[PDB]
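K.L.:
Counting from 1, one number per residue, gives the positions in the first sequence under the authors' numbering.
Backbone N, C-alpha and C fix where the C-beta goes; we use that ideal spot for every residue, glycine too.
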Amino acid sequence: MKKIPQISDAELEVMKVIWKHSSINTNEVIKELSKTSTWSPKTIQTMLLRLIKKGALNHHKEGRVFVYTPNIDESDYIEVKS
DNA sequence: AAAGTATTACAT
DNA sequence: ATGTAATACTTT
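(1) Going by C-alpha distance, which of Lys-31, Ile-30, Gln-6, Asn-25 is nearest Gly-63?
(2) Where in the region 6-56 do unbroken runs of the alpha helix (DSSP H), each at least 4 residues long, occur, reported from the N-terminal end onward?
(3) Is it the case that the region 73-80 contacts the region 49-57, given that we only count it when at least three CB pairs across the two stretches are under 8 Å?
(4) Could you name the residues of the same chain whose beta carbon sits closer than 6 Å to that of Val-67, not counting the 5 residues immediately before and after it, in chain order?
(5) Across which residues does DSSP place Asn-71 in a beta bridge pair?
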């Protein structure tokens with residue numbers, strides 16, 4: 001069992017907010033990420049979109065509005081030792 | 001239509 | 001994967 005998405009500083013930071021919530025919808029994601037980190041609504045989206053494109057996260061259009069669901073669970077950033 | 005929340009593309 | 005941008009759908 002290894003890490004699928006390549007984690008970084010900005011990569012992990014957003015995951016934390018998604019994991020804080022059960023899953024997350026763009027308003028909760030942006031609303032949180034914008035207050036915590038610099039990143040504007042534009043800036044925020046790459047960490048979501050590219051991750052999804054490469055398999056880190058997965059989006060789903062749920063009944064009301066959409067939910068971004070963590071496509072990773074076992075890994076959830078494998079911080080290797082020096 | 002406005003405001004808010006969702007969705008994907010382009011450039012780096 | 002990261003930063004930045006554009007556009008659509010949903011609810012009000």
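P.N.:
Inspection of the coordinates gives the following:
(1) On the first sequence, position 63 is the one that residue 63 refers to. Of the listed residues, the one whose Cα sits closest to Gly-63 is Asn-25.
(2) 9-20, 26-36, 41-54
(3) no
(4) Your numbering for residue 67 matches position 67 in the first sequence. The answer, listed in chain order, is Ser-23, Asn-25, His-60.
(5) Within the first sequence, the letter at position 71 stands for residue 71. Looking at the DSSP assignment, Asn-71 forms no beta bridge with any residue, so it has no partner.
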